[PDB]
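Following: one structure in structure tokens, then a few remarks.
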Amino acid sequence: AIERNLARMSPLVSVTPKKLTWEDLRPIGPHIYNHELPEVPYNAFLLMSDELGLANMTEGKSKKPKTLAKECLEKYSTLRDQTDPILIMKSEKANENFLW
Amino acid sequence: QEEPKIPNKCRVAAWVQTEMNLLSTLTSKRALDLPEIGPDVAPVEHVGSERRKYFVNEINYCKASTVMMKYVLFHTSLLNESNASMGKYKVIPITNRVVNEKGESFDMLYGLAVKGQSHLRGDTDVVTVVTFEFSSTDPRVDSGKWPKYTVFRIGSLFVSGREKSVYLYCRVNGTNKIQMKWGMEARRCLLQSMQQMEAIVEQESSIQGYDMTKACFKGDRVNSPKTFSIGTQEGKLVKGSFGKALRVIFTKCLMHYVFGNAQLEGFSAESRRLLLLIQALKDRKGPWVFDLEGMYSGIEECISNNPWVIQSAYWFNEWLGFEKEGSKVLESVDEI
Amino acid sequence: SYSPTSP
Amino acid sequence: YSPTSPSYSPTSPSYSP
Amino acid sequence: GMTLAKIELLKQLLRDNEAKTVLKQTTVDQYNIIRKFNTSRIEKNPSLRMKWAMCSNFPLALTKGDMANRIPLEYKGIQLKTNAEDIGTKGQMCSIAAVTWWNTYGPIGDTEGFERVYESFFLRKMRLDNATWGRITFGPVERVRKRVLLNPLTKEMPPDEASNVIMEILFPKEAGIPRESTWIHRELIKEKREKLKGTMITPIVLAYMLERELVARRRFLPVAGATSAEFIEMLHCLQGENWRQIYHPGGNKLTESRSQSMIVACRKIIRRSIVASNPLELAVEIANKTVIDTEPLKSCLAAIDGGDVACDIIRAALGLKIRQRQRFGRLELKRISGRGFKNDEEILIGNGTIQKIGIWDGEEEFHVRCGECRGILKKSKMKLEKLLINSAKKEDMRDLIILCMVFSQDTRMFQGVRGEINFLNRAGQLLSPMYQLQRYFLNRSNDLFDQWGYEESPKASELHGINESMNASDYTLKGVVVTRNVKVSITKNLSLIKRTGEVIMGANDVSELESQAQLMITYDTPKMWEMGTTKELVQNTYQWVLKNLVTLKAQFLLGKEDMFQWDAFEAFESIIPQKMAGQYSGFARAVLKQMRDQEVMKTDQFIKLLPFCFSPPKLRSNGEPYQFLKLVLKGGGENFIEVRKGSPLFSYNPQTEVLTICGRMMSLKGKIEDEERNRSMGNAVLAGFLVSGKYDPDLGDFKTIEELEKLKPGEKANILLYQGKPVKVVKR
Amino acid sequence: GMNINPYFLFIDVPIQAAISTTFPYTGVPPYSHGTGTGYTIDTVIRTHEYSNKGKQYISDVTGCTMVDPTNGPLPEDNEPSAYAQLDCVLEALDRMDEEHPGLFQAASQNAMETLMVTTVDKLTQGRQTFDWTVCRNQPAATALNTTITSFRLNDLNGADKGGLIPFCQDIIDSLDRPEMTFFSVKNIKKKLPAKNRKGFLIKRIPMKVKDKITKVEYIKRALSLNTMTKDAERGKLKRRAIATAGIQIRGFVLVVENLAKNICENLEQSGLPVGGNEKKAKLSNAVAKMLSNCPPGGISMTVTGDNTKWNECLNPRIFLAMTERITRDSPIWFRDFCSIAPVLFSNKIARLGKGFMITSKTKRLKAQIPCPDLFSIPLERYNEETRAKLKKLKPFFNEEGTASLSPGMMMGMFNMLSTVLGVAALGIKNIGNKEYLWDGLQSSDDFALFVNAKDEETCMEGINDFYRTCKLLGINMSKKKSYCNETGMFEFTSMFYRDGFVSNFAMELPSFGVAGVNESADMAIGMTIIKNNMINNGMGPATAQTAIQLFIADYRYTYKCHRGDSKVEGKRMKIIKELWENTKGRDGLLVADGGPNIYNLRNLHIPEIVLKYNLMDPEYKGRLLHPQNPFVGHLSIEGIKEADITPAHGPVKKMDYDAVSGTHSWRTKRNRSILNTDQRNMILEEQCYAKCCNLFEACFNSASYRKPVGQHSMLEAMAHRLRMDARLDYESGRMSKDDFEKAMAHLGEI
RNA sequence: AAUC
RNA sequence: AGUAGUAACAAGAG
RNA sequence: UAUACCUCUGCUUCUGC
Ligand SMILES: *O=P([O])([O])OP([O])(=O)O[C][C]1O[C]([N+]2=[C]N([C])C3=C2N=C([N])[N]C3=O)[C]([O])[C]1[O]
């Protein structure tokens with residue numbers, strides 16, 4: 001029956017195979033090289049390489065997060081007591097005033 | 001019924017490369033909070049201890065290691081507030097405990113964050129978090145990196161000697177119960193990287209018949225240090241240490257989380273099929289295909305607006321080109 | 001004890 | 001000898017003239 | 001007065017309309033359906049839900065009792081529990097702080113007979129406590145995936161048999177129909193009761209802990225020379241792929257387990273010693289320094305009364321009396337007279353299939369035994385003749401007759417196989433065809449007797465036969481009778497000879513079965529790598545070639561062929577089928593000479609073949625050596641060294657100059673000639689054959705090994721090295 | 001500047017050796033948001049898209065639109081095809097019986113004999129099941145109970161007999177009933193006396209009401225499948241839909257699957273139902289033989305294969321034919337039994353989830369549109385994507401808001417039986433006596449075909465035949481995902497081969513974290529996962545020791561149980577710090593009580609409570625392991641040893657661990673969302689059964705251990721026991737004359 | 001010298 | 001807004 | 001309407017083999 005069916009079945013049905021040669025492997029993602037599209041933005045939850053930690057040498061004991069964040073800002077008082085907003089970059093749909 | 005919003009198409013961006021190159025690099029600051037362990041008795045545990053002294057510290061003393069420990073410790077506290085103080089708006093700090101070469105606990109603060117109302121019923125239900133983060137980076141330099149961010153100048157610091165201006169990157173972001181949990185379990189980035197390289201240490205330890213850890217990293221009497229193809233220099237390959245090749249994977253494993261979504265999974269899955277077909281040609285196992293263009297459409301429809309996917313697509317095309325050049329050495333073998 | 005290096 | 005040392009490995013079969 | 005309370009609590013319940021109807025309508029079978037009834041959905045992310053739930057105020061649920069009320073509502077300004085009751089427990093909900101409180105300031109409970117209840121676990125610790133650790137060795141380890149026992153048991157039983165024993169200990173009255181199993185394990189039941197007497201722990205916990213130390217936990221694990229449970233429990237610290245660690249587990253070890261490892265140890269020694277000139281000298285060397293866990297092989301062979309052919313051969317070589325005592329499960333035989341020879345036959349069975357079984361020829365006599373009962377047995381090639389036995393238990397005499405019939409390999413026994421038997425494993429592995437048939441007829445014995453035959457009893461002084469029912473009857477089984485009464489020297493090539501020059505055992509009499517040990521076999525000899533497995537020896541050998549490739553390649557190119565026969569390559573020969581070993585050497589020695597003489601050298605191919613050139617060579621009739629496509633080795637379809645191509649064992653990458661030996665990658669950079677990168681393989685692929693030009697369409701299709709061997713010198717031919725590399729080669 | 005590229009590792013190390021680094025399992029898996037109706041309808045359309053050239057007819061039973069592809073016209077394109085010819089299946093099945101002699105009748109016997117022994121409670125051990133009574137998914141144990149109680153009203157007490165056969169006999173009979181009545185609890189007010197101003201209070205009591213449905217309605221509900229979307233499905237961009245089965249169908253599937261399972265075990269070229277090391281052991285030998293048996297001076301090629309649209313093509317009517325062939329020697333009662341499950345799937349109905357949500361962005365409003373009200377709205381308000389789908393659904397759509405899905409295997413469930421149909425293709429081995437020999441492996445949809453022939457030109461022609469052979473069974477090979485290469489390396493069910501199956505640590509990585517059972521259980525699980533990965537998935541001692549470190553971290557933060565000497569602030573940590581000061585043997589304290597972590601590579605297999613028992617204070621160990629502590633509760637035989645684990649590949653299999661039952665072995669509060677819904681009434685229903693069962697366990701202690709047997713009344717059992725207990729205690733002298741008469745008096749009333 |  | 005990505009959440013209910 | 005700046009809820013508005 002299988003013999004009879006593979007006989008009467010259309011040759012169009014096939015895996016149509018081809019041996020792979022290196023120059024068949026065209027580079028993946030043609031669009032990512034096109035400059036018409038916009039540069040992909042940073043969309044990570046926190047900052048990574050660009051991050052900047054304020055060093056506050058501890059008394060070798062664990063403290064509450066609020067107290068820690070306090071003492072860390074107590075040292076860097078110049079930044080903690082900067083009440084004057086000097087805007088540099090603004091997000092398309094954001095509020096300079098509310099954020100600050 | 002409104003039309004569904006589709007991820008828009010982006011192009012390659014250098015900041016992803018730059019992130020990779022920097023996160024890989026070594027520092028003088030150990031972040032990882034690796035707790036105590038039982039005492040060593042079995043000689044396997046004594047080898048296991050030594051192997052770590054090289055493997056762990058190679059990660060610990062790198063940039064990615066601290067960034068990872070930040071995300072974990074933040075996502076930990078952020079989830080704790082989200083359940084405890086559901087109705088209350090709370091100011092959560094971006095804490096991280098660090099230890100220097102001399103051995104002193106330097107508590108860091110990368111900025112302040114604000115968690116909104118967190119009545120999170122479903123796992124996918126979103127709690128809006130607003131991030132205010134310190135930075136030495138001028139956003140005008142690479143403008144196209146920070147469409148989402150809003151930056152203020154808030155003073156200056158003389159960290160090196162030059163008056164390096166301190167900025168404040170402000171952004172309205174969002175997380176959910178799942179991401180916050182998967183964040184707390186981002187320490188397992190160590191294991192995926194450490195095993196992969198301990199395997200190569202074992203493989204080589206078999207051949208020389210002694211612990212080739214010390215030998216692989218730096219080298220000893222008989223054996224010189226292991227070296228890997230690691231990166232490019234204006235279109236010409238460069239070699240790097242085992243210690244670097246370790247960190248490059250550890251970084252990748254962290255980026256897998258930091259840019260983890262449906263776009264990455266779909267790409268990672270379909271791109272393996274091509275990675276194997278390439279290995280077949282490298283092994284000279286005459287590989288055959290039935291529909292390549294169809295197999296490509298599967299890989300290419302996963303590239304939209306994931307930084308890591310878009311850069312991995314580039315890196316893959318770069319690596320393919322280098323392997324495509326190496327092929328020319330073989331095609332002219334056993335044909336005299 | 002180990003202490004890593006780079007270029 | 002420590003497992004990290006090259007002298008830890010066994011006195012293997014070496015060839016001689 | 002517990003009885004009164006239960007009745008009064010049953011009264012209170014039956015006054016409720018809902019409870020009344022439920023207890024009337026629900027059957028004892030249906031109990032298992034109403035118990036699993038609740039509002040609780042299955043949590044398909046318990047990792048998340050827990051981390052979340054832990055950040056709530058009152059995640060936990062207390063059980064409504066006086067002990068729940070012992071907890072205060074708050075402590076030092078901390079909310080321990082809440083007044084609001086849980087839906088499930090019908091009791092006050094509480095925080096994780098409530099747990100920590102209880103463990104700190106809570107009431108001090110009664111921990112009497114805790115170590116006796118949780119014995120199974122404390123033993124597991126006691127084994128690690130009293131254990132001693134050896135030394136870590138770095139080098140290849142071939143790992144086999146065998147079905148092993150995870151945890152050591154107190155006394156092994158099937159699930160059903162243990163379940164009843166547990167019932168008799170904890171829940172006597174519910175137990176039900178008393179089986180014979182009760183009387184068999186009566187001593188264990190009595191012992192467990194006395195140990196679990198003064199304990200407050202919940203029965204369900206005791207049942208669970210007992211079920212652990214009775215029911216078997218057998219699952220597939222990758223192992224290497226350690227199958228004993230007390231090793232398998234430590235399997236993580238025993239060995240990896242590319243490392244090994246010696247570990248002596250404390251407490252006690254079994255005699256059977258020692259005897260098991262004792263055999264494989266000898267079988268491994270002999271199988272290796274066979275190939276070396278003066279095997280005895282090499283066998284004696286290793287045998288002395290061979291260790292089973294801690295006890296040396298000699299001490300084991302001296303202490304244990306039993307083993308196989310291989311054990312006796314070594315026993316003689318060390319200088320000990322040989323116990324010619326073959327064992328077939330429960331059956332323990334001892335040779336009196338005769339000597340049999342194993343031959344693989346295609347035996348047909350009753351159900352309607354064919355199975356390769358190693359049949360034993362010649363007439364022999366054995367002194368059989370099975371528990372309390374004893375006897376003497378005689379048999380011929382696939383037939384039982386005479387079976388004398390004494391009177392003891394009915395079941396011991398019943399089992400002894402079944403074992404002897406299966407042992408005899410009588411064509412009437414195989415005809416009795418009318419059911420289902422598994423000779424192949426679930427994982428496509430092989431199961432011992434004789435040891436499978438023994439298990440079948442032990443339980444289902446009704447077919448065996450019926451399918452055998454019957455005749456009249458013997459009529460002598462003390463000879464009186466027995467029937468199927470095992471009673472002194474007239475119609476006894478065909479060739480069965482019951483009665484009322486019960487130095488050597490070894491050769492150079494490992495053979496046991498009497499004073500009359502009669503050989504009783506040889507090196508071709510030991511089993512060709514390569515099987516895992518139960519305990520850990522440690523060879524206290526610097527050449528211990530030689531006793532290793534195929535893939536272990538293959539890898540270790542090729543490493544020695546590379547370790548001295550400088551001096552080896554040099555002295556060979558000068559002329560000296562003294563490396564061909566080098567200590568290293570002797571161990572490698574013992575994992576070659578000792579039948580084409582010389583023919584391989586014949587081929588390899590020719591192709592190697594054809595590289596240094598012709599000056600078409602290929603260092604990768606030199607390294608590949610040099611190990612095969614230890615065996616004294618064997619050429620064809622007309623002087624030419626044998627030709628090959630691939631060189632086959634002991635065990636597995638994986639193990640071969642393709643000559644024209646690369647193989648799973650040995651492969652070379654020209655591009656990177658990387659040599660992959662059983663997965664492990666070495667580098668041949670700075671050990672290859674610059675001109676060599678061009679030099680074709682066609683020249684060093686067939687002995688007395690060298691490349692002329694490129695594939696000539698005239699000559700026709702590629703020629704077989706046979707077609708290439710039968711060609712007169714100075715005839716051109718077409719060979720295919722590896723897919724898409726045609727060559728035009730001529731005979732020198 | 002030096003530009004790092006991570007792929008450049010693949011220059012030094014080959015892909016398979018370092019495949020672990022191509023799996024992003026530190027990241028978050030894809031989840032589904034909102035409805036799954038658009039995903040379900042897509043499946044509904046696509047299932048009929050591959051069967052549209054078959055035979056379309058109207059079911060005289062249901063009155064639905066049915067589609068039959070089987071024995072349809074053969075395809076003239078490479079598009080998926082359900083057009084499987086009956087003869088070509090029967091031939092491939094015959095070929096299997098020839099190659100494996102008397103396996104069918106042998107497998108049928110084993111299953112048939114098991115069916116007789118199988119109890120009704122076997123249907124309790126399942127996941128969320130569709131409950132026809134309330135028309136919502138519920139636990140299998142409840143979904144079963146609701147059906148038994150409902151069947152008792154319509155007068156079908158086959159369940160009471162204890163066997164599954166008479167209960168299955170009731171299910172097929174329940175279709176014949178003209179009306180099917182079922183309880184539907186409805187609230188009633190009731191004044192109760194209290195200490196109020198007006199001394200009383202109103203308590204809304206539940207009252208069971210007898211609600212009926214027609215013959216047709218029940219028949220459809222019985223054939224209905226409830227659809228969702230696959231959440232946490234790895235290595236996939238876009239999402240896909242799945243379905244849950246009813247309590248009726250679940251009975252017959254268990255037998256047919258058990259039947260195919262018996263065949264599969266004995267079949268050589270099957271990856272199921274074997275698993276773990278046993279799976280590798282088989283595939284290794286299979287590969288070794290399939291490698292070393294090949295003709296010398298030829299080429300052995302491995303097709304790393306995969307079938308697309310597996311469930312969407314495979315027809316139940318082919319699966320029906322399979323059972324009839326397998327049960328040919330078995331008796332006529334068993335033939336008809338195995339025939340039901342496929343017959344139900346042949347006329348199955350698909351429930352289209354929740355529906356579609358519509359919103360005005362300006363007004364800022366939203367509202368769910370139920371599936372019955374899909375065509376209530378003009379289709380101009382639905383978006384292009386949904387508009388096209390809803391039009392294509394129309395000729396299959398029912399008024400009650402369901403879709404007639406006669407073709408395909410929406411839910412699946414037939415994995416073992418679907419593997420066999422695959423093996424049957426691998427059994428053929430040749431077509432037209434050509435110069436090739438194929439033979440492969442099968443794990444449901446996943447396959448790996450080996451081909452031994454003269455040259456590669458012949459091999460590919462041999463593969464082309466397999467492709468065209470599989471089309472006649474209803475198996476469509478994925479030209480996209482499937483690829484071929486010379487034997488030596490291949491992929492089969494996320495297992496990567498390269499002259500031996502290579503280690504892939506990233507697959508098992510998610511399991512290393514806190515599983516979330518409880519403190520005492522999660523510790524055991526945590527170490528047992530570490531030690532089992534050192535064995536099976538090749539984790540070196542350095543990474544293994546780090547995996548212990550990284551666990552205690554996740555453990556201490558999750559359960560907020562840091563060391564006593566550490567000064568980390570927290571509600572619990574305050575009492576932990578006092579325990580550290582109070583306790584002398586601080587090494588005896590568990591990690592969950594702010595004690596030190598003493599675990600290493602060697603002692604992973606030993607429980608934490610046992611390791612420290614000798615080092616504990618006499619007071620602390622008393623508290624920790626108090627026999628009558630309130631935290632632990634009524635332990636179930638499964639509740640102590642076993643616990644769920646979800647690996648990223650196969651179904652959720654429950655592994656077993658070793659832990660001591662102490663204060664830390666607690667349970668969490670029940671989800672309290674039920675209190676606000678009308679489902680409240682089930683809380684009373686539960687606590688009612690709870691009382692009965694808990695009182696039964698007080699009479700029969702072995703009930704907790706081994707399943708009680710008996711077709712008699714649950715009260716009758718409790719009566720006779722408590723009668724004897726009282727009589728024997730009196731005659732022995734544990735019971736007094738005062739208590740015995742009172743006992744006999746109370747039992748006298750019953 | 002296995003099966004369970 | 002933002003998260004996010006083929007459909008949701010940006011609190012629900014009495 | 002109203003109580004309601006009150007009350008309840010955080011997987012139980014469908015998670016299969
Ligand atoms: O372990 P083996 O491969 O050697 O095979 P098996 O199963 O027969 O081993 C059991 C033991 O019994 C001995 N045996 C078996 N038969 C039937 C005979 C013998 N020995 C002799 N002399 N005559 C027999 O007829 C095996 O030798 C083995 O020790």
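Each chain in the structure tokens gets a letter, A, B, ..., in the order shown, and its residues are numbered from 1; ligands are numbered from 1 in order too.
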(request) Could you give me, as a PyMOL selection string, the residues within 10 Å of residue 4 of chain C, counting only C-alpha atoms (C1' of nucleotides) and dropping anything in the same chain fewer than 5 positions from it? (result) chain B and resi 26-28+54-55+57-62+217-218+243-244
Just to be explicit: take each residue in the selection above, keep C-alpha atoms, and write the result as a JSON list (two decimals), in the first residue's frame.
[["chain", "number", "residue", "atom", "x", "y", "z"],
["B", 26, "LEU", "CA", 38.88, 43.58, 36.36],
["B", 27, "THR", "CA", 38.47, 45.97, 39.39],
["B", 28, "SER", "CA", 39.87, 46.15, 43.00],
["B", 54, "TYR", "CA", 41.29, 30.98, 41.25],
["B", 55, "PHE", "CA", 37.77, 30.58, 39.68],
["B", 57, "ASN", "CA", 38.14, 35.58, 42.67],
["B", 58, "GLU", "CA", 38.52, 35.92, 38.82],
["B", 59, "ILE", "CA", 34.74, 36.81, 38.78],
["B", 60, "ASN", "CA", 34.61, 38.55, 42.25],
["B", 61, "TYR", "CA", 37.34, 41.10, 41.19],
["B", 62, "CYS", "CA", 35.42, 42.07, 37.94],
["B", 217, "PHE", "CA", 45.38, 30.59, 34.56],
["B", 218, "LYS", "CA", 49.06, 31.70, 35.03],
["B", 243, "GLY", "CA", 40.72, 34.24, 33.41],
["B", 244, "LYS", "CA", 39.24, 36.66, 30.78]]
(request) Name the residues, by chain letter and number, that sit within 6 Å of ligand 1 using only C-alpha atoms (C1' of nucleotides) and all ligand atoms, and give them as a PyMOL selection string. (result) chain E and resi 308+326-328+339-340+360+407-408+434+511
(message) Applying 12 Å and only C-alpha atoms (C1' of nucleotides), which residues near residue 328 of chain B remain after dropping the ones on its own chain fewer than 2 positions away? List them as number ranges by chain.
(response) A: 21-23; B: 281-282, 321-326, 330-333; E: 654-655
Sorted by chain and rising residue number, which residues of chain B lie within 12 Å of chain H, and what are their closest atom pairs and distances in Å to one decimal, counting only C-alpha atoms (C1' of nucleotides), as a Markdown table?
| residue | atom | partner | partner_atom | distance |
| --- | --- | --- | --- | --- |
| B:1 | CA | H:7 | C1' | 10.5 |
| B:2 | CA | H:7 | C1' | 9.9 |
| B:3 | CA | H:6 | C1' | 8.5 |
| B:4 | CA | H:6 | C1' | 5.5 |
| B:5 | CA | H:5 | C1' | 6.2 |
| B:6 | CA | H:5 | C1' | 5.7 |
| B:7 | CA | H:5 | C1' | 6.2 |
| B:8 | CA | H:5 | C1' | 10.0 |
| B:86 | CA | H:11 | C1' | 9.9 |
| B:87 | CA | H:11 | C1' | 9.4 |
| B:116 | CA | H:10 | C1' | 9.8 |
| B:117 | CA | H:11 | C1' | 8.1 |
| B:118 | CA | H:11 | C1' | 8.0 |
| B:119 | CA | H:11 | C1' | 5.4 |
| B:120 | CA | H:11 | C1' | 7.6 |
| B:121 | CA | H:11 | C1' | 8.4 |
| B:122 | CA | H:9 | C1' | 8.7 |
| B:123 | CA | H:9 | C1' | 9.9 |
| B:124 | CA | H:9 | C1' | 7.2 |
| B:125 | CA | H:9 | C1' | 4.7 |
| B:126 | CA | H:9 | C1' | 5.3 |
| B:127 | CA | H:10 | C1' | 7.4 |
| B:128 | CA | H:2 | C1' | 6.8 |
| B:129 | CA | H:2 | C1' | 8.9 |
| B:130 | CA | H:2 | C1' | 9.3 |
| B:131 | CA | H:2 | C1' | 11.9 |
| B:148 | CA | H:2 | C1' | 10.0 |
| B:149 | CA | H:2 | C1' | 11.9 |
| B:171 | CA | H:2 | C1' | 9.2 |
| B:172 | CA | H:2 | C1' | 5.8 |
| B:173 | CA | H:2 | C1' | 5.7 |
| B:174 | CA | H:3 | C1' | 4.3 |
| B:175 | CA | H:3 | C1' | 6.4 |
| B:176 | CA | H:3 | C1' | 8.4 |
| B:177 | CA | H:9 | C1' | 11.9 |
| B:179 | CA | H:3 | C1' | 11.4 |
| B:261 | CA | H:5 | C1' | 10.1 |
| B:262 | CA | H:5 | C1' | 9.1 |
| B:263 | CA | H:5 | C1' | 9.8 |
| B:304 | CA | H:5 | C1' | 10.9 |
| B:305 | CA | H:5 | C1' | 10.8 |
| B:306 | CA | H:5 | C1' | 11.9 |
(request) Would you kindly return, as a VMD selection string, each protein, DNA or RNA residue with an atom no farther than 12 Å from any atom of residue 13 of chain I, considering only C-alpha atoms (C1' of nucleotides) and excluding same-chain residues fewer than 4 positions away? (result) (chain B and resid 121 to 122) or (chain F and resid 34 to 35 136 to 137 353 to 355 368 673 to 674 677) or (chain H and resid 12)
(message) For the strand (DSSP E) assignment from backbone DSSP, which residues of segment 664-713 of chain E qualify? Please present them as an MDAnalysis selection string.
(response) chainID E and resid 664:667 689:693
Put those residues in a file: N, CA, C and O atoms, as a short mmCIF file (atom, residue, chain, number, x, y, z; two decimals), in the first residue's frame.
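Saved to out_17.cif:
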data_model
loop_
_atom_site.label_atom_id
_atom_site.label_comp_id
_atom_site.auth_asym_id
_atom_site.auth_seq_id
_atom_site.Cartn_x
_atom_site.Cartn_y
_atom_site.Cartn_z
N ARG E 664 38.87 14.14 24.70
CA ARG E 664 39.96 14.99 25.24
C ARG E 664 40.82 15.50 24.08
O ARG E 664 41.25 14.67 23.26
N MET E 665 41.04 16.82 24.02
CA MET E 665 41.76 17.51 22.91
C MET E 665 43.20 17.83 23.35
O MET E 665 43.36 18.46 24.41
N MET E 666 44.18 17.38 22.56
CA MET E 666 45.61 17.77 22.66
C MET E 666 45.98 18.59 21.42
O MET E 666 45.21 18.55 20.44
N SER E 667 47.11 19.31 21.46
CA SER E 667 47.62 20.16 20.36
C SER E 667 48.94 19.60 19.83
O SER E 667 49.81 19.26 20.66
N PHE E 689 51.38 0.67 -1.17
CA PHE E 689 50.53 1.49 -2.06
C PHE E 689 50.92 2.97 -1.92
O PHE E 689 51.03 3.44 -0.76
N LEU E 690 51.12 3.68 -3.04
CA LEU E 690 51.55 5.11 -3.06
C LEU E 690 50.77 5.86 -4.14
O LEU E 690 50.46 5.25 -5.18
N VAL E 691 50.47 7.14 -3.90
CA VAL E 691 49.64 8.01 -4.79
C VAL E 691 50.44 8.33 -6.06
O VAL E 691 51.64 8.64 -5.94
N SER E 692 49.78 8.27 -7.23
CA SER E 692 50.37 8.61 -8.56
C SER E 692 49.85 9.97 -9.02
O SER E 692 50.67 10.91 -9.11
N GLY E 693 48.55 10.07 -9.30
CA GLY E 693 47.88 11.30 -9.76
C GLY E 693 46.58 11.54 -9.02
O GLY E 693 46.56 11.35 -7.78
#
(message) Using DSSP assignments from the backbone, pull out every residue in segment 294-470 of chain E that falls under alpha helix (DSSP H) and give it to me as a PyMOL selection string.
(response) chain E and resi 297-303+309-318+394-408+411-415+433-443+446-452
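Atom CA of residue 77 of chain A sits 13.0 Å away from atom CA of residue 55 of chain A.
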(request) Write down, as number ranges by chain, each residue of chain F that has any atom within 10 Å of an atom of chain H, counting only C-alpha atoms (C1' of nucleotides). (result) F: 32-36, 38-39, 238-239, 356-357, 385, 676-677
(message) Taking 2 positions as the minimum chain separation for residues in the same chain, which residues sit within 12 Å of residue 709 of chain F when counting only C-alpha atoms (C1' of nucleotides)? Answer as a PyMOL selection string.
(response) (chain E and resi 27-32+174-176) or (chain F and resi 119-121+160-163+700+702-703+706-707+711-714+717)
(message) Should the cut-off be 6 Å, what would the residue list for chain A against chain B look like, counting only C-alpha atoms, as a PyMOL selection string?
(response) chain A and resi 15-20+27+29+32-33+37-42+48-58+79+86-91
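The nearest approach to chain D among the residues B:32, B:189, B:215, B:197, with only C-alpha atoms taken into account, belongs to B:215.
With only C-alpha atoms (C1' of nucleotides) taken into account, the protein and nucleic acid residues at most 9 Å from residue 16 of chain D (excluding it and anything under 3 positions from it in its own chain) are residues 551, 552 and 563 of chain E.
Residues in contact with residue 441 of chain F at up to 7 Å, not including ones fewer than 4 positions away on its chain and judged by only C-alpha atoms (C1' of nucleotides), are residues 269, 270, 271, 447, 448 and 449 of chain F.
Interatomic distance, atom CA of residue 77 of chain F to atom CA of residue 30 of chain A: 29.4 Å.
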Which residues of chain D come within 10 Å of chain B, and what is each one's closest atom pair and distance in Å (one decimal), counting only C-alpha atoms, sorted by chain and residue number, as CSV?
residue,atom,partner,partner_atom,distance
D:2,CA,B:211,CA,8.7
D:3,CA,B:211,CA,5.2
D:4,CA,B:211,CA,4.6
D:5,CA,B:210,CA,7.0
D:6,CA,B:210,CA,6.4
D:7,CA,B:210,CA,8.3
D:8,CA,B:210,CA,6.2
D:9,CA,B:209,CA,5.1
D:10,CA,B:209,CA,7.4
D:12,CA,B:209,CA,9.6
Could you write out that same residue set with C-alpha atoms as a short mmCIF file (atom, residue, chain, number, x, y, z; two decimals), in the first residue's frame?
data_model
loop_
_atom_site.label_atom_id
_atom_site.label_comp_id
_atom_site.auth_asym_id
_atom_site.auth_seq_id
_atom_site.Cartn_x
_atom_site.Cartn_y
_atom_site.Cartn_z
CA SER D 2 49.94 19.21 46.27
CA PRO D 3 47.59 18.23 43.38
CA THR D 4 48.51 21.60 41.65
CA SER D 5 52.21 20.63 41.48
CA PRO D 6 53.50 18.94 38.27
CA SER D 7 55.48 16.42 40.48
CA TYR D 8 52.09 15.05 41.80
CA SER D 9 51.57 13.24 38.41
CA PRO D 10 52.76 9.57 38.32
CA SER D 12 54.80 7.75 33.55
#
